[PDB]
file work_35.tsv (TSV, N, CA and C atoms)
chain	number	residue	atom	x	y	z
C	84	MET	N	-6.88	-25.66	9.65
C	84	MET	CA	-7.67	-26.51	10.54
C	84	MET	C	-8.38	-25.66	11.60
C	85	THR	N	-8.82	-26.29	12.68
C	85	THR	CA	-9.59	-25.62	13.71
C	85	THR	C	-8.69	-24.94	14.75
C	86	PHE	N	-9.09	-23.74	15.16
C	86	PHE	CA	-8.37	-22.97	16.17
C	86	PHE	C	-9.36	-22.41	17.19
C	87	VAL	N	-8.85	-22.00	18.34
C	87	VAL	CA	-9.68	-21.38	19.37
C	87	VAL	C	-9.14	-19.99	19.71
C	88	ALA	N	-10.06	-19.04	19.88
C	88	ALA	CA	-9.69	-17.66	20.20
C	88	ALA	C	-9.20	-17.55	21.64
C	89	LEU	N	-8.00	-17.01	21.81
C	89	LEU	CA	-7.40	-16.83	23.13
C	89	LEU	C	-7.84	-15.50	23.75
C	90	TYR	N	-8.21	-14.55	22.90
C	90	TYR	CA	-8.60	-13.22	23.34
C	90	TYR	C	-9.79	-12.70	22.56
C	91	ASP	N	-10.42	-11.64	23.08
C	91	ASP	CA	-11.44	-10.92	22.34
C	91	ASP	C	-10.76	-10.02	21.30
C	92	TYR	N	-11.40	-9.87	20.15
C	92	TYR	CA	-10.94	-8.93	19.14
C	92	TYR	C	-12.13	-8.23	18.50
C	93	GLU	N	-12.10	-6.90	18.53
C	93	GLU	CA	-13.13	-6.09	17.88
C	93	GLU	C	-12.61	-5.58	16.54
C	94	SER	N	-13.39	-5.78	15.49
C	94	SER	CA	-12.98	-5.38	14.15
C	94	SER	C	-12.73	-3.88	14.05
C	95	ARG	N	-11.63	-3.52	13.39
C	95	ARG	CA	-11.24	-2.12	13.22
C	95	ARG	C	-11.51	-1.63	11.80
C	96	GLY	N	-11.95	-2.54	10.93
C	96	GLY	CA	-12.16	-2.21	9.53
C	96	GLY	C	-13.38	-2.90	8.93
C	97	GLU	N	-13.31	-3.16	7.63
C	97	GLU	CA	-14.44	-3.73	6.90
C	97	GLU	C	-14.29	-5.23	6.65
C	98	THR	N	-13.04	-5.70	6.64
C	98	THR	CA	-12.74	-7.07	6.23
C	98	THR	C	-12.27	-7.97	7.37
C	99	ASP	N	-11.96	-7.38	8.52
C	99	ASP	CA	-11.47	-8.15	9.66
C	99	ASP	C	-12.64	-8.69	10.49
C	100	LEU	N	-12.41	-9.85	11.11
C	100	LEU	CA	-13.45	-10.57	11.84
C	100	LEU	C	-13.42	-10.28	13.34
C	101	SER	N	-14.53	-9.79	13.87
C	101	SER	CA	-14.70	-9.67	15.31
C	101	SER	C	-15.03	-11.04	15.90
C	102	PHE	N	-14.41	-11.35	17.04
C	102	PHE	CA	-14.68	-12.61	17.73
C	102	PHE	C	-14.40	-12.49	19.22
C	103	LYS	N	-15.08	-13.33	20.00
C	103	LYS	CA	-14.89	-13.37	21.44
C	103	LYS	C	-13.95	-14.51	21.82
C	104	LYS	N	-13.38	-14.41	23.01
C	104	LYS	CA	-12.51	-15.44	23.54
C	104	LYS	C	-13.25	-16.77	23.63
C	105	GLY	N	-12.67	-17.82	23.06
C	105	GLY	CA	-13.24	-19.15	23.13
C	105	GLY	C	-13.92	-19.62	21.85
C	106	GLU	N	-14.12	-18.71	20.90
C	106	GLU	CA	-14.77	-19.08	19.65
C	106	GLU	C	-13.93	-20.07	18.86
C	107	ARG	N	-14.60	-20.97	18.15
C	107	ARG	CA	-13.92	-21.91	17.27
C	107	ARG	C	-13.81	-21.33	15.86
C	108	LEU	N	-12.57	-21.10	15.43
C	108	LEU	CA	-12.30	-20.48	14.14
C	108	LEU	C	-11.68	-21.49	13.18
C	109	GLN	N	-12.10	-21.44	11.92
C	109	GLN	CA	-11.60	-22.35	10.90
C	109	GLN	C	-10.89	-21.57	9.80
C	110	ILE	N	-9.63	-21.91	9.55
C	110	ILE	CA	-8.84	-21.21	8.54
C	110	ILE	C	-9.36	-21.49	7.14
C	111	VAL	N	-9.61	-20.42	6.40
C	111	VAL	CA	-10.07	-20.51	5.02
C	111	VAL	C	-8.89	-20.52	4.06
C	112	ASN	N	-8.89	-21.48	3.13
C	112	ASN	CA	-7.89	-21.50	2.07
C	112	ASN	C	-8.08	-20.32	1.14
C	113	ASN	N	-7.07	-19.45	1.09
C	113	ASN	CA	-7.15	-18.20	0.35
C	113	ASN	C	-6.04	-18.09	-0.68
C	114	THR	N	-6.38	-17.63	-1.88
C	114	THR	CA	-5.41	-17.47	-2.95
C	114	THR	C	-4.40	-16.38	-2.61
C	115	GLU	N	-4.83	-15.41	-1.81
C	115	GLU	CA	-3.98	-14.29	-1.43
C	115	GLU	C	-2.87	-14.72	-0.48
C	116	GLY	N	-3.16	-15.74	0.33
C	116	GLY	CA	-2.21	-16.24	1.30
C	116	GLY	C	-2.24	-15.45	2.59
C	117	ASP	N	-1.30	-15.73	3.49
C	117	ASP	CA	-1.17	-14.98	4.73
C	117	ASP	C	-0.88	-13.51	4.43
C	118	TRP	N	-1.44	-12.62	5.25
C	118	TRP	CA	-1.21	-11.19	5.08
C	118	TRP	C	-0.16	-10.67	6.05
C	119	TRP	N	0.83	-9.96	5.51
C	119	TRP	CA	1.95	-9.45	6.29
C	119	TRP	C	1.94	-7.93	6.34
C	120	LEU	N	2.35	-7.36	7.46
C	120	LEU	CA	2.55	-5.92	7.55
C	120	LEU	C	3.92	-5.60	6.95
C	121	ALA	N	3.93	-4.75	5.92
C	121	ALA	CA	5.15	-4.49	5.17
C	121	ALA	C	5.38	-3.00	4.92
C	122	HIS	N	6.65	-2.65	4.81
C	122	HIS	CA	7.08	-1.30	4.48
C	122	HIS	C	7.77	-1.30	3.12
C	123	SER	N	7.37	-0.38	2.25
C	123	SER	CA	7.97	-0.28	0.93
C	123	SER	C	9.22	0.60	0.96
C	124	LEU	N	10.34	0.04	0.53
C	124	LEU	CA	11.58	0.79	0.42
C	124	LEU	C	11.56	1.67	-0.82
C	125	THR	N	10.66	1.35	-1.74
C	125	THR	CA	10.53	2.09	-2.99
C	125	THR	C	9.73	3.37	-2.83
C	126	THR	N	8.58	3.27	-2.16
C	126	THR	CA	7.66	4.41	-2.04
C	126	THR	C	7.67	5.01	-0.63
C	127	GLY	N	8.07	4.22	0.36
C	127	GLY	CA	8.07	4.68	1.74
C	127	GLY	C	6.74	4.46	2.44
C	128	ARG	N	5.77	3.92	1.71
C	128	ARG	CA	4.46	3.62	2.29
C	128	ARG	C	4.53	2.32	3.08
C	129	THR	N	3.53	2.09	3.92
C	129	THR	CA	3.53	0.95	4.83
C	129	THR	C	2.11	0.43	5.04
C	130	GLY	N	1.95	-0.88	5.01
C	130	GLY	CA	0.63	-1.48	5.17
C	130	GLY	C	0.63	-2.98	4.96
C	131	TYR	N	-0.55	-3.58	5.07
C	131	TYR	CA	-0.68	-5.03	4.94
C	131	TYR	C	-0.61	-5.47	3.48
C	132	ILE	N	0.01	-6.62	3.25
C	132	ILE	CA	0.20	-7.15	1.90
C	132	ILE	C	-0.08	-8.65	1.86
C	133	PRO	N	-0.54	-9.15	0.71
C	133	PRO	CA	-0.71	-10.60	0.53
C	133	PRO	C	0.63	-11.27	0.23
C	134	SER	N	0.98	-12.28	1.01
C	134	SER	CA	2.30	-12.91	0.92
C	134	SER	C	2.54	-13.60	-0.42
C	135	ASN	N	1.47	-14.06	-1.06
C	135	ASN	CA	1.59	-14.74	-2.34
C	135	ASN	C	1.94	-13.81	-3.50
C	136	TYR	N	1.95	-12.50	-3.24
C	136	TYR	CA	2.27	-11.52	-4.27
C	136	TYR	C	3.76	-11.19	-4.32
C	137	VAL	N	4.51	-11.68	-3.34
C	137	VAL	CA	5.92	-11.32	-3.20
C	137	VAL	C	6.83	-12.54	-3.09
C	138	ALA	N	8.13	-12.29	-3.14
C	138	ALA	CA	9.13	-13.34	-3.01
C	138	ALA	C	10.41	-12.78	-2.38
C	139	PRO	N	11.21	-13.65	-1.74
C	139	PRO	CA	12.47	-13.19	-1.15
C	139	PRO	C	13.43	-12.61	-2.18
C	140	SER	N	14.31	-11.71	-1.74
C	140	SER	CA	15.30	-11.11	-2.63
C	140	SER	C	16.42	-12.10	-2.92
M	84	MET	N	12.50	-9.99	6.49
M	84	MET	CA	13.59	-9.52	5.66
M	84	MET	C	13.05	-8.86	4.39
M	85	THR	N	13.89	-8.72	3.38
M	85	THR	CA	13.53	-8.02	2.15
M	85	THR	C	12.84	-8.95	1.15
M	86	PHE	N	11.80	-8.42	0.50
M	86	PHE	CA	11.05	-9.15	-0.51
M	86	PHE	C	10.84	-8.26	-1.73
M	87	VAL	N	10.50	-8.88	-2.86
M	87	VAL	CA	10.19	-8.14	-4.08
M	87	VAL	C	8.78	-8.48	-4.56
M	88	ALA	N	8.06	-7.46	-5.01
M	88	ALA	CA	6.69	-7.64	-5.50
M	88	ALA	C	6.68	-8.32	-6.86
M	89	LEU	N	5.96	-9.43	-6.94
M	89	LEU	CA	5.84	-10.19	-8.18
M	89	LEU	C	4.72	-9.65	-9.06
M	90	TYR	N	3.75	-8.99	-8.44
M	90	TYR	CA	2.59	-8.46	-9.15
M	90	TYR	C	2.21	-7.08	-8.63
M	91	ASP	N	1.38	-6.38	-9.40
M	91	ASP	CA	0.76	-5.14	-8.92
M	91	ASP	C	-0.37	-5.48	-7.97
M	92	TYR	N	-0.56	-4.64	-6.95
M	92	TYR	CA	-1.70	-4.76	-6.06
M	92	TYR	C	-2.24	-3.39	-5.71
M	93	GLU	N	-3.53	-3.19	-5.95
M	93	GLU	CA	-4.20	-1.95	-5.59
M	93	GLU	C	-4.98	-2.15	-4.29
M	94	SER	N	-4.78	-1.25	-3.34
M	94	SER	CA	-5.43	-1.37	-2.03
M	94	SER	C	-6.95	-1.34	-2.15
M	95	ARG	N	-7.60	-2.24	-1.42
M	95	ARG	CA	-9.06	-2.36	-1.43
M	95	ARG	C	-9.67	-1.78	-0.15
M	96	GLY	N	-8.83	-1.37	0.79
M	96	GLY	CA	-9.30	-0.87	2.07
M	96	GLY	C	-8.48	0.29	2.61
M	97	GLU	N	-8.41	0.40	3.93
M	97	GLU	CA	-7.74	1.52	4.58
M	97	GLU	C	-6.34	1.15	5.09
M	98	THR	N	-6.12	-0.13	5.34
M	98	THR	CA	-4.91	-0.60	6.01
M	98	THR	C	-3.97	-1.39	5.11
M	99	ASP	N	-4.45	-1.78	3.93
M	99	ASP	CA	-3.64	-2.57	3.00
M	99	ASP	C	-2.77	-1.67	2.12
M	100	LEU	N	-1.61	-2.18	1.74
M	100	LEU	CA	-0.61	-1.42	1.00
M	100	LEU	C	-0.70	-1.64	-0.50
M	101	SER	N	-0.88	-0.56	-1.25
M	101	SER	CA	-0.77	-0.61	-2.70
M	101	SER	C	0.70	-0.62	-3.11
M	102	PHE	N	1.04	-1.46	-4.08
M	102	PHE	CA	2.40	-1.52	-4.59
M	102	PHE	C	2.44	-2.02	-6.02
M	103	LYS	N	3.49	-1.63	-6.74
M	103	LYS	CA	3.69	-2.06	-8.12
M	103	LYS	C	4.66	-3.22	-8.17
M	104	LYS	N	4.62	-3.96	-9.28
M	104	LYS	CA	5.53	-5.07	-9.51
M	104	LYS	C	6.98	-4.58	-9.48
M	105	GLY	N	7.80	-5.23	-8.67
M	105	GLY	CA	9.22	-4.91	-8.60
M	105	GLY	C	9.63	-4.13	-7.36
M	106	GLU	N	8.66	-3.62	-6.61
M	106	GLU	CA	8.97	-2.85	-5.42
M	106	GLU	C	9.67	-3.70	-4.37
M	107	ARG	N	10.57	-3.09	-3.62
M	107	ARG	CA	11.24	-3.76	-2.51
M	107	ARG	C	10.46	-3.54	-1.22
M	108	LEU	N	9.94	-4.64	-0.67
M	108	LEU	CA	9.11	-4.58	0.53
M	108	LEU	C	9.85	-5.20	1.71
M	109	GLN	N	9.70	-4.58	2.88
M	109	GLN	CA	10.36	-5.06	4.10
M	109	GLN	C	9.31	-5.43	5.14
M	110	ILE	N	9.36	-6.67	5.61
M	110	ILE	CA	8.39	-7.16	6.59
M	110	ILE	C	8.58	-6.47	7.94
M	111	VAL	N	7.48	-5.93	8.45
M	111	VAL	CA	7.47	-5.27	9.75
M	111	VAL	C	7.13	-6.26	10.86
M	112	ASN	N	7.93	-6.27	11.92
M	112	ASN	CA	7.62	-7.08	13.09
M	112	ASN	C	6.38	-6.54	13.78
M	113	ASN	N	5.34	-7.36	13.82
M	113	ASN	CA	4.04	-6.95	14.33
M	113	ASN	C	3.58	-7.85	15.47
M	114	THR	N	3.03	-7.24	16.52
M	114	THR	CA	2.54	-7.98	17.67
M	114	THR	C	1.33	-8.84	17.30
M	115	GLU	N	0.58	-8.38	16.30
M	115	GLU	CA	-0.62	-9.08	15.86
M	115	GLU	C	-0.28	-10.39	15.16
M	116	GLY	N	0.87	-10.41	14.49
M	116	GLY	CA	1.31	-11.58	13.75
M	116	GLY	C	0.72	-11.62	12.36
M	117	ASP	N	0.93	-12.73	11.66
M	117	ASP	CA	0.35	-12.93	10.34
M	117	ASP	C	-1.17	-12.92	10.43
M	118	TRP	N	-1.82	-12.36	9.41
M	118	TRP	CA	-3.28	-12.31	9.37
M	118	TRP	C	-3.85	-13.40	8.48
M	119	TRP	N	-4.81	-14.15	9.03
M	119	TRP	CA	-5.41	-15.29	8.33
M	119	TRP	C	-6.88	-15.03	8.04
M	120	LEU	N	-7.36	-15.51	6.90
M	120	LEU	CA	-8.79	-15.48	6.61
M	120	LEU	C	-9.45	-16.65	7.32
M	121	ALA	N	-10.41	-16.35	8.20
M	121	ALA	CA	-11.00	-17.37	9.05
M	121	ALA	C	-12.52	-17.30	9.09
M	122	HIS	N	-13.13	-18.46	9.31
M	122	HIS	CA	-14.57	-18.59	9.47
M	122	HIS	C	-14.88	-19.04	10.89
M	123	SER	N	-15.82	-18.36	11.54
M	123	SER	CA	-16.21	-18.71	12.89
M	123	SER	C	-17.30	-19.77	12.89
M	124	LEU	N	-17.03	-20.89	13.55
M	124	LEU	CA	-18.02	-21.95	13.70
M	124	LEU	C	-19.04	-21.58	14.77
M	125	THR	N	-18.68	-20.61	15.60
M	125	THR	CA	-19.54	-20.16	16.69
M	125	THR	C	-20.61	-19.18	16.21
M	126	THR	N	-20.20	-18.19	15.42
M	126	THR	CA	-21.11	-17.13	14.98
M	126	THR	C	-21.51	-17.26	13.51
M	127	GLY	N	-20.68	-17.95	12.73
M	127	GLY	CA	-20.94	-18.10	11.30
M	127	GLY	C	-20.37	-16.95	10.48
M	128	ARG	N	-19.76	-15.98	11.14
M	128	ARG	CA	-19.14	-14.86	10.45
M	128	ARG	C	-17.78	-15.28	9.90
M	129	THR	N	-17.25	-14.48	8.97
M	129	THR	CA	-16.02	-14.82	8.27
M	129	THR	C	-15.22	-13.56	7.96
M	130	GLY	N	-13.91	-13.62	8.18
M	130	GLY	CA	-13.05	-12.47	7.95
M	130	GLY	C	-11.62	-12.69	8.40
M	131	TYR	N	-10.80	-11.66	8.23
M	131	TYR	CA	-9.39	-11.75	8.57
M	131	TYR	C	-9.17	-11.66	10.08
M	132	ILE	N	-8.20	-12.42	10.58
M	132	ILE	CA	-7.91	-12.48	12.01
M	132	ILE	C	-6.40	-12.45	12.26
M	133	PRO	N	-5.98	-11.90	13.40
M	133	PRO	CA	-4.57	-11.95	13.79
M	133	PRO	C	-4.21	-13.32	14.37
M	134	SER	N	-3.19	-13.96	13.82
M	134	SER	CA	-2.85	-15.33	14.19
M	134	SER	C	-2.41	-15.46	15.65
M	135	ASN	N	-1.84	-14.40	16.20
M	135	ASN	CA	-1.37	-14.42	17.59
M	135	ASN	C	-2.51	-14.41	18.61
M	136	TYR	N	-3.74	-14.24	18.14
M	136	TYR	CA	-4.90	-14.22	19.03
M	136	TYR	C	-5.51	-15.60	19.23
M	137	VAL	N	-5.04	-16.58	18.45
M	137	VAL	CA	-5.65	-17.91	18.45
M	137	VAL	C	-4.62	-19.02	18.66
M	138	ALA	N	-5.12	-20.24	18.85
M	138	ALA	CA	-4.27	-21.41	19.03
M	138	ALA	C	-4.98	-22.65	18.50
M	139	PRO	N	-4.20	-23.69	18.13
M	139	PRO	CA	-4.81	-24.93	17.64
M	139	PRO	C	-5.70	-25.60	18.68
M	140	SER	N	-6.68	-26.37	18.23
M	140	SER	CA	-7.57	-27.08	19.13
M	140	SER	C	-6.87	-28.30	19.73

call {"tool": "encode", "arguments": {"input": "work_35.tsv", "output": "structure tokens"}}
result
Amino acid sequence: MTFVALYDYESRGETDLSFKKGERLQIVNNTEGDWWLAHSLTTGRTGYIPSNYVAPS
Amino acid sequence: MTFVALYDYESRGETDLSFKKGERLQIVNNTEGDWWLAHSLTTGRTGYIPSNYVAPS
């Protein structure tokens, strides 16, 4: 649904959205789902992941 | 907590994590929070946003 920006955010990459405080933002339905910052116990690498790609142990 | 990868994912950017099916992933506590794909009604731009930066209308 509709949300409002509480703070300014400047994009740090290619896919993230820059926005100013007060902007009206609308959540897009995405197949990937919410993105989580995750650490791999298998490889030791760390980064953002799509939540729909994983499941609890 | 601990999660397992259901599918392979190849990183498309600089900050996302590549992982193979079966890897054990651990969610990192992040100040930014979950990242959502959002569309701005103010600017018309669209991209990923940190959920902790916004609030419901």

call {"tool": "closest_residue", "arguments": {"input": "work_35.tsv", "among": "M:93, M:110, M:127, M:105", "to": "chain C", "atoms": "only N, CA and C atoms"}}
result
M:110

call {"tool": "closest_atom_pairs", "arguments": {"input": "work_35.tsv", "of": "chain C", "to": "chain M", "cutoff": "6 Å", "atoms": "all atoms listed in the file", "output": "tab-separated table"}}
result
residue	atom	partner	partner_atom	distance
C:85	C	M:140	N	4.3
C:86	CA	M:138	C	4.1
C:87	N	M:138	C	3.9
C:88	CA	M:137	CA	4.4
C:89	N	M:136	C	3.9
C:90	N	M:136	C	4.7
C:98	C	M:131	N	4.1
C:99	CA	M:131	N	3.8
C:100	N	M:131	N	3.8
C:106	CA	M:125	CA	5.7
C:107	C	M:124	N	4.0
C:108	CA	M:122	C	4.4
C:109	N	M:122	C	3.8
C:110	CA	M:121	CA	4.4
C:111	N	M:120	C	3.9
C:117	CA	M:118	C	4.9
C:118	N	M:118	C	4.1
C:119	N	M:118	N	5.3
C:120	C	M:111	N	3.9
C:121	CA	M:109	C	4.3
C:122	C	M:109	N	3.8
C:123	CA	M:108	CA	4.5
C:124	N	M:107	C	4.0
C:125	N	M:107	N	4.8
C:129	C	M:100	CA	5.2
C:130	C	M:100	N	4.0
C:131	N	M:100	N	3.8
C:132	N	M:100	N	5.0
C:136	C	M:89	N	3.8
C:137	CA	M:89	N	4.2
C:138	C	M:87	N	3.9
C:139	CA	M:86	CA	4.3
C:140	N	M:85	C	4.3

call {"tool": "select_by_dssp", "arguments": {"input": "work_35.tsv", "residues": "region 102-135 of chain M", "states": "strand (DSSP E or B)", "output": "ChimeraX atom specification"}}
result
/M:102,107-110,118-123,129-133
